[PDB]
Structure formats: structure tokens, C-alpha cells
Amino acid sequence: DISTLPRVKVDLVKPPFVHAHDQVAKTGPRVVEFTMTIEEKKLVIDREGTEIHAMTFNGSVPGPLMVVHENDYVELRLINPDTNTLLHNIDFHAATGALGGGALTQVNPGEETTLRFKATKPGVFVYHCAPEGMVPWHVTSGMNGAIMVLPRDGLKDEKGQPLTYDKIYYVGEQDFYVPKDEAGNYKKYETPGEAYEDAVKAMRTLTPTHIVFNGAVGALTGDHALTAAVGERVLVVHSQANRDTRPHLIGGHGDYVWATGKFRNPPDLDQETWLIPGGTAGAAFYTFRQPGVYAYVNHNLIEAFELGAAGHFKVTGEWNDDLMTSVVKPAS
Amino acid sequence: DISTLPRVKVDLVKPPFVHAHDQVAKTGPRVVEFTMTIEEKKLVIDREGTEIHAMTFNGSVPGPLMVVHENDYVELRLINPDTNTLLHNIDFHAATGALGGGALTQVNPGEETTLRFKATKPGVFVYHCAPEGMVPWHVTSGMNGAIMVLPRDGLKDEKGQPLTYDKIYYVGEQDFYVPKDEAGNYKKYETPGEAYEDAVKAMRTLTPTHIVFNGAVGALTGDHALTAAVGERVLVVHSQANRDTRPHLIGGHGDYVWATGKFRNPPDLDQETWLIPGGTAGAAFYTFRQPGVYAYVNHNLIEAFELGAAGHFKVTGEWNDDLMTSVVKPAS
Amino acid sequence: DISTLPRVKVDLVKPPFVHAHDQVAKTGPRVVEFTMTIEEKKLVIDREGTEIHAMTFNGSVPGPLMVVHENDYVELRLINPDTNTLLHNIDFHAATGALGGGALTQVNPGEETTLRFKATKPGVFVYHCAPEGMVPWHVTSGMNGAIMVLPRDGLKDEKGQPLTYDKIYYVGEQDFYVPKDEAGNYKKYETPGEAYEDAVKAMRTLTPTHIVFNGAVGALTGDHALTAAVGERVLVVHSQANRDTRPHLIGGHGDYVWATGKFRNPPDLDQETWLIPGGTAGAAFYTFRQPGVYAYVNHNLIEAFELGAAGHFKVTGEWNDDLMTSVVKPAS
Ligand SMILES: O=N[O-]
Ligand SMILES: O=N[O-]
Ligand SMILES: O=N[O-]
Ligand SMILES: O=N[O-]
Ligand SMILES: O=N[O-]
Ligand SMILES: O=N[O-]
Ligand SMILES: O=N[O-]
Ligand SMILES: O=N[O-]
Ligand SMILES: O=N[O-]
Ligand SMILES: O=N[O-]
Ligand SMILES: O=N[O-]
Ligand SMILES: O=N[O-]
Ligand SMILES: O=N[O-]
Ligand SMILES: O=N[O-]
Ligand SMILES: O=N[O-]
Ligand SMILES: [Cu+2]
Ligand SMILES: [Cu+2]
Ligand SMILES: [Cu+2]
Ligand SMILES: [Cu+2]
Ligand SMILES: [Cu+2]
Ligand SMILES: [Cu+2]
């Protein structure tokens, strides 16, 4: 009987940050309530000023990470305000039935809906919009995110001992297919609807024009670099709703990796690079051992460095010469 | 001594259906005899009437699933009738030696041959035609299928307890590279031989024009949807002879997945999406928990919804509101 | 204290061969010293005479395999002679800190440097050049290799029993993106520097013109085929620094496969094909059971047979009719 279960309202936060949660559950099963507002908006995705009509959950690409525990209920109030122009919906890969909730959540502009589902399987999972006949266009316009369903007793290593993270970041990687004119210049439209037939042609090339983390080339750099400290245990959740990716932390490793993101399986150890298939979320646990700048990339290095799929960590603390040292610095 | 072993003749069936077999073996090792006839035929692959000269085992794309047990012998009589125009052969990834049988099975039109091999490794495996100098053209013209070598005691979960399926389907996914004129229109040829140099150029783009399940856009829809009932345990074998795929059951999961298809390994659990590398067969076990329509797709959603890699399940039975429910239906 | 550790100088060998080493360590931890000289040179990559300005470690594509044990120190003297034109460096995915050594190893022409790092994680790992702002261009010009860090007690199977290989080969697979004129002909440049803006445009297509093993179409064929004997246990290390590959031994299997190359994980068994993600090295162990010719390919068969990603094994010994036999040879 759901009516006797505690309810908790959670306020979501912008990626790459994640809302406050407990790793090990301090309550029984709950109904966890979330609200998301669909926003269609113009987004500048690169240094050159290229603009798309993005379709977002809660104003961001990716949409925010939701965090619950195994056998909680998720109750999502989904709002499509009448300033939007398109019909949207939501499919949770975490959910069982009705196309992941897609069949039940169709909202025209000016409508809302509330969906509930039981989170029966532990793991990180993609959610994405999937309206009838326009699925890839919505998804590749930025309308995806992830949800993490933690085991009730938190994460475990390959031997079953606890793994506790100190920080958690969510990296959503996005393939965009911006239409081009005859010569190769990116096209512009006043509305999302205008772009549709050009979008389909661009998608069919199977060749994205931009691949980005957190909505833009260079979004996770500078002032917006991910931070940590030597000694900290960091969990990086990474999703790709449509295309394969192969993450790599330059100067580090994936100590414990769930490449396909499902925590009932033992993690892979000591990964240099791991494959997250399109339509999946993965998670990698790392303990920092050296300070400095790290690049976190898709290790198709063309995708990383030409198309945008690169971000930075800045790590503070003490250098360990035993691990690495310059014996003779560059010289004649 | 093979001459003392029982022989059983098996009649193959058209995909997505699979011939009758026993999961747990009720006999000792057998010589299992199959016959396949090569058919070169015109196939319409999409809604627009695009026609290719397909190369098939037994008239279908994919070729039929063959089912044996570990340490049976497979004896295949392969017939290339003189109504065909090309030389064909067969390579079984299940087999050891002579290029998977490829070196021993070269049949011009009007020839036949009989190959025997011992099925020493349990798993689902691709078979495909591979004639000297024309390998990718035959394979990407539809000349591939799979074989399942069950363990003698059937399938097991990650703990080693029995897993028994109630139904089994075979989904062959096919990348086609149909040649285009200057403007983008698909070309037509009277014979397979005519298309050859145009086929090579199209292949070299590495960009397929169509990606389909069971030979055509929409082949596993409507009257041809896969069916099941709530409570049934379904095994879906999925092969891709040439290109990576990432299957996903929309509204469900892969409860137990052998993504690279080899049953001596423990399955991955609770998968949302899994990667089957080109040149591989995989298998996913699911128990249906909700009725309704499910889409089974390659979760590169451009590949799925624009290029054709989508099919349907129709599942009968009782809705479970505990798993999912609409709290407030779409409204103002 | 490093100064009390034995030092051993190792002379590297050209791929696909690997320098002499011990599988099980016969000493305590050592500082293992290597020297590599960067060579920029013209390379002919295909049968048609297509020429690139390759960037190599030690004159080869790939660079040579380095072999150490877990908790050795690697000390690399890296020389960039003044006959080169570009700045290079080295990133080891085996190493922890400073972008894998990349930040510490920047050498202009006429400079050298010596880097030391502790090999803390067992596995096969990629190394590649990665200069600031020119990373994909150097890597896809051939500037990558691998290092193997063996466990101190050698390799183990999925049950933890020893696995001993009799021979070891290193296959580096390389994606090249040679620029084309308007009509599709490959362009030529007098220097590496000339090609730069054309290289970037070619890379951005994400479509390689050639995919090769060991630097050229047909490099591991004929006189240069890999050899073995029936009964021998062979380890094939395979790396791809930038793009996914899916190796397959035609007529054989991967008995024990570490697809993502990290030996603390149990191997996958009985693989037909396995996925090595771009930015990764993998390793596959096979025992030959039949003589004859085997093809070792990327099983995107367009990549294999049209673009160059195919090599040969020639295996000597006794044919086993029990495994495979032609019952009725091709005939009317
Ligand atoms: O500004 N909305 O695309
Ligand atoms: O769009 N809210 O009713
Ligand atoms: O789905 N593309 O990797
Ligand atoms: O294939 N996706 O990088
Ligand atoms: O499902 N990946 O742990
Ligand atoms: O009709 N045979 O291509
Ligand atoms: O083609 N049958 O002999
Ligand atoms: O082999 N192409 O994914
Ligand atoms: O990369 N094959 O979808
Ligand atoms: O080989 N995959 O279970
Ligand atoms: O000959 N050096 O590119
Ligand atoms: O370039 N050697 O000093
Ligand atoms: O990274 N390309 O498979
Ligand atoms: O996707 N690389 O073959
Ligand atoms: O990390 N692969 O065994
Ligand atoms: Cu939408
Ligand atoms: Cu989906
Ligand atoms: Cu054929
Ligand atoms: Cu094959
Ligand atoms: Cu370089
Ligand atoms: Cu790297």
C-alpha cells in the first residue's frame, strides 16, 4: 500500500552536479517526487557561435541526474509549458512497461502529467524523450539524461566490500547533427519546427557535427572544470542516449568500472578506456593519486579534440615522485 | 567412431522462428544433418520499393538459426543450384579449421558439398558466406545467419542454476549499402554481377543506407510482431555479421545477457542496452512483467527509426500498477 | 629507494615481434630502461603507392611493444632528433599523473628527455604521442604503440590456474585519414606540416581511408605472415589508439580474451569476436588445433577486406578430421 509510504520531494540540480542523497539507505522504501519542466531554447554549442534549437529537460543538456534507491517509487511530475511548440514525453530505461513510461506521458504544450514507477533494478540508466515518429530528433536535440538507482546498501567492489564515493559527477555526452548548406556552413532556423526535414537528412549521414559534454564545446573547462583532491574517491556517471562512447581519464584510470552501468554485476578493474554503448549509462570509480590537470575524453580523439568531447579535472594536493617523475627534463 | 552415432535430420524454419529442439539434451552426441539451398533473389527492403539483389541461405535474410548441442557433429549439405550466378561458400564461426569451413565449401552454380564439423564450444555464433575476394559484398547482401550450440545441460544463470526459456526468437540485423546516383537516388541492376563496382564504392563509405531486422524495414511489425505473454521467459538471439549493434527492449530489459554470446561465461544482469560487436551473435533472456506493445531496437536511434532497425513485441496479459502507473493523465 | 634497485636495459624489436621477457618474474622489482627515437618518415600504405608522412616511435607503425612486470619502474629515454620537424611527447595509459607523462615529455627537434613511472596496474595499455592542440593528428599519423605490464606471477585463467603462452605477437591497428581532392584522389605533400589543415578536414569526416595492421595493407601476409604450430599457445596483443575494432581469427577463436586488456579481471572464454574500444589494448590467447592458413581480421569486413585490416597466420602440423572434414567435396 503506497499511501502509507513516506514521500520525499527532491529538488534537482544542474549537471555536472548531482542532488544530495545517501549512498546507503537510511529509510525504508519511499515515493521520491521529482518535477521537471520541459524547456525548448536556443543554445550556442561551440566557439564559432553555432546555434541550435535544443529540447531540454529542466533547461540543461543533459537533463539532471535523478538519484533513488532500489525499490523506491519514482513519481515524476512532467510539465510542458505553453511557451513550447512541440509534443514531448519521457521514456525511462529504469522502468518496466508502457515503453518506459513513453506511452503514458505524452504532453502537448500547456499540459502536464505525473508518472509513477517502481525502481526494481539497480544501476545507472538513461531517460530520454521519445515521441511517436520524432524519436531520434528529440534525443539528438538534447532531450536526455540519466537516473541512478543505488542498491539499498550502496556500491560494492568485485569481492563485495563497500565502495564509498566522496564526490559524484554526471557527464552527459551529446551527439549533435547540425544541418549544413552545400559548402559546409551550419544553417539557422527561427523555430525548432523549421529545421525538421534538414535535421532528418543530417542525422541520416550518421556523422555528427559536434560531440559535447554538458551541452557545449569547452563546457567542463576553466572555471567549470571538475574538481577533486588527491585521496578522494570520485564517481563519474557518463551517459550517451544515441551513440557509442569510450571514456578515458588522461593521467588516470577507471579503478572500478560498470561500463554498461548495472550494479548487480561485478565491476571491471583497472580500465584504461571502457565502451559505453549508445542508449546506456555507465559509471566509473576513481581514487586520485596525483595532483594537476586531467583531461576526461571520449578516446576517439577526433571526437574529443576536433568535435568537442573533452573536459577537465583540476586536482589539488601533493605530487608523488615514486609514481612518476621527470629524470631528465626536455633539453639538447 | 562417427558411424555408430545416431543421425538426425532437422528441417529448418524461416526466421524469426527457430526449429524445434531440446534445451537439455535427451540423447548422447549425434550427427545433426541440415540442408541449405542458396537462393539469389530480388528483395524489396523498404517502404519506397528499393530493390536489391540479395544473396541468401535458404531464401531468407538472415539465414535460418541452426540449433545443436555441445559436442554434436553438424553435417551441412550446401546446395548452389544452377539458377544462381555466383560462387558461394560458408564460414561457421562455431567451427575450428579451414577458415570456418570456407576453404572446403566453394560451390559454383550447379554444385553441392557436404561439410561436417564438431561443435566444441557452446554459444551463439555467426555463419556467413565468404568467397575469396568478394567477402564483404556477399555478407552485406544478406548471406549470413547464426548457429546456437547449447550446453548439454542447457543454460545457466550467474550462480549456475538452470535458466529455461519458454520461447526463442532469432533477430538477424542487416546493414545494406545500396548504391546511389549523384543526387542520392538508389540504383537498380538486372543482375547481382552488374552492381559489383558500385557496391564496393558504397561499402567504402562505411555508411549503410538501410539497417533492418529480418530482411526489410517493418518486417517484425504488425501481423509479423513477435508475441509473448506476461510471465513467459523469452530468449532473443541477435546477430550482426559485419557492424556493431546495441539492442534494447523498449519498456523492458535484458535480465540475463550474453552480449558476445558465449555460454561458458556468466551472463550480465539487468542490462538496459548491450553491445554486440560486428561479427558476433548475442543472446538476451527476458521475463515479461507487463502487457502491451514493446519496441526492440538498435539504440542508435537514427539506425532504429530512420534506417529501419526496429521491431515490435505484442505481449498479452495483466497490467501491474505497482510497477508503473499514470497518477495524473496528460491534461491542462 | 630506487637507487638500490637493479637496472636492466632492454633493446626493443620491430612489431609484430616482441622483445624477450619472462612471463613469471625471476627477479624482484627493477628499473627497466628503454630508449626510443622518434622518426618522421614517408610511408607507402597500400598497393596503389599512396604515401603519407608518418610519425613513428622507433621507425615503425605501431611503435614497439614494451614488456615489464607489475611494480617495476619504466624509465624511457625519448629522443627527438633534429632531422624531425615537429614537437612530440608521450602519454602512457599505464602511468598515473601528468597526462600519462605527456606534460613532462615535450621534446622539440634536437631534444631528449627521460621519464620514469611505476607500473602499478597489470594489463596491456596504449601509449601514444599527444602534443597540445595536435593530438588526433599525431596519433592517426601512426604515433602509438602499447606496453604490457604482466602480473609478477604471469597470466591466469578464470579459475586462477596458470596460462603460459608459447609465442606472442603484437598487432597494432591503424586508422589513417588521407586527404582527397574533389574527385577522390589521395593528395601528396613534401612535408608533414603542409598537410595539416587538409588532415583536420579528413579526420572530421570520421571516415578512415585505410585501416591497416602493422603500417600497411598486406603487411602481415606472405613472407610476413604470423606463424605457429598445432599445439602452440599463442598470445595476440592488439591495440587501437583511436577507433573501435573487433578482432576475429578466421577458423579459430579467442580461448581466453581480455578484450579491454586488464589482467586483474577474469578473461572471457570462447569468443568468436571481441570489441576493443578505441584508446585500448586487448589480448587474446589461443591454442591452435588445426594446420593451414588463418586470417586475423577486424570483423567489420569492409574494414578488413576493402580498407586493409587483415593479416594471416600460417600454422604447421597435423589435420584433425574429427574437428572438421569435407564429407562430399564440391561437385555436380
Ligand atoms: O527558443 N526555442 O527554440
Ligand atoms: O502546463 N501546465 O499545466
Ligand atoms: O552508435 N554509434 O556508435
Ligand atoms: O561510435 N561512436 O563513437
Ligand atoms: O552492467 N554493467 O555492469
Ligand atoms: O534475382 N536474382 O538476383
Ligand atoms: O546443385 N546440385 O547438385
Ligand atoms: O563495425 N561497425 O560498428
Ligand atoms: O556502429 N554500428 O552501429
Ligand atoms: O561471450 N559472452 O558471454
Ligand atoms: O620524411 N618525413 O616525413
Ligand atoms: O636529440 N638529442 O639530444
Ligand atoms: O571510435 N570509433 O569506433
Ligand atoms: O567503429 N570502428 O570500426
Ligand atoms: O579489462 N579487461 O580484462
Ligand atoms: Cu521531446
Ligand atoms: Cu531508449
Ligand atoms: Cu555467397
Ligand atoms: Cu566471419
Ligand atoms: Cu608526435
Ligand atoms: Cu590516450
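Order of the sequence lines fixes the chain letters, A, B, ..., with proteins taken first and strands second; residue numbering starts at 1 for each chain. Hydrogens, waters and symmetry mates are skipped; everything else that's a heavy atom, side chains included, is used.
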Give the intermediate values and the outcome of side chain to side chain contact (heavy atoms under 4.5 Å, CB included) for residues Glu158(A) and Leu269(A). CA-CA 8 Å; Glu158(A) 81 290 357; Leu269(A) 311 184; 3.7 Å; yes

Verify side chain to side chain contact (heavy atoms under 4.5 Å, CB included) between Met324(C) and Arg116(B), making sure each step is shown before the conclusion. CA-CA 6 Å; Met324(C) 182 173 280; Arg116(B) 182 163 70 233; over 6 Å; no

I'd like to know whether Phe92(C) forms a ring pair (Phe, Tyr, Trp, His ring centres under 6.0 Å) with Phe125(C), so could you lay out the CA-CA distance, the side-chain angles of the two residues, the decisive distance to 0.1 Å, and finally the verdict. CA-CA 7 Å; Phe92(C) 286 96; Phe125(C) 296 86; 9.8 Å; no

Would you check, one step at a time, whether the test side chain to side chain contact (heavy atoms under 4.5 Å, CB included) holds for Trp274(C) with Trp258(C)? CA-CA 9 Å; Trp274(C) 47 102; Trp258(C) 297 267; over 6 Å; no

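The two residues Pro16(C) and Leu226(C) come nearest to each other via the heavy atoms CG-CD2, 3.7 Å. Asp270(A) approaches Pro122(C) most closely through the heavy-atom pair OD2-CD, 4.0 Å.
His93(B) and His299(C) have perpendicular rings, their planes meeting at more than 60° on a 0 to 90° scale where under 30° would count as parallel. Ring geometry for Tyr296(C) against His238(C) counts as tilted: the plane angle lies between 30° and 60°, on a 0 to 90° scale.
For the residue pair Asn58(C) and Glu39(C), no side-chain donor N or O sits within less than 3.5 Å of a side-chain acceptor on the partner.
Of the residues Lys118(C), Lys121(C), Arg264(C), the one that meets the salt bridge (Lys or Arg N to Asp or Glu O under 4.0 Å) test with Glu70(C) is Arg264(C).
When the shell of 6.0 Å around NZ of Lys314(C) is examined, it contains 12 or fewer heavy atoms from other residues, nucleotides or ligands. Applying the 6.0 Å contact sphere to NE2 of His19(C) captures more than 12 heavy atoms from other residues, nucleotides or ligands.
A heavy-atom distance below 4.5 Å is found between the side chains of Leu275(A) and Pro277(A). Side-chain contact between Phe176(C) and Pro208(C): absent, with no pair of heavy atoms (C-beta onward) separated by less than 4.5 Å. Contact of the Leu65(C) side chain with the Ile147(C) side chain is not registered, since no non-hydrogen atoms from C-beta on lie closer than 4.5 Å.
Using a cut-off of 4.0 Å between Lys/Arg side-chain N and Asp/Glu carboxylate O, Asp72(C) and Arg30(C) are scored as not salt-bridged. A salt bridge links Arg7(C) with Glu33(C): the closest approach of a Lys/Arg side-chain nitrogen to an acidic carboxylate oxygen falls below 4.0 angstrom.
Applying the salt bridge (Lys or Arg N to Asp or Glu O under 4.0 Å) test to residues at least two apart or on different chains, the pairs with a partner in residues 283-309 of chain C are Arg204(B)-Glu306(C), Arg246(C)-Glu303(C).
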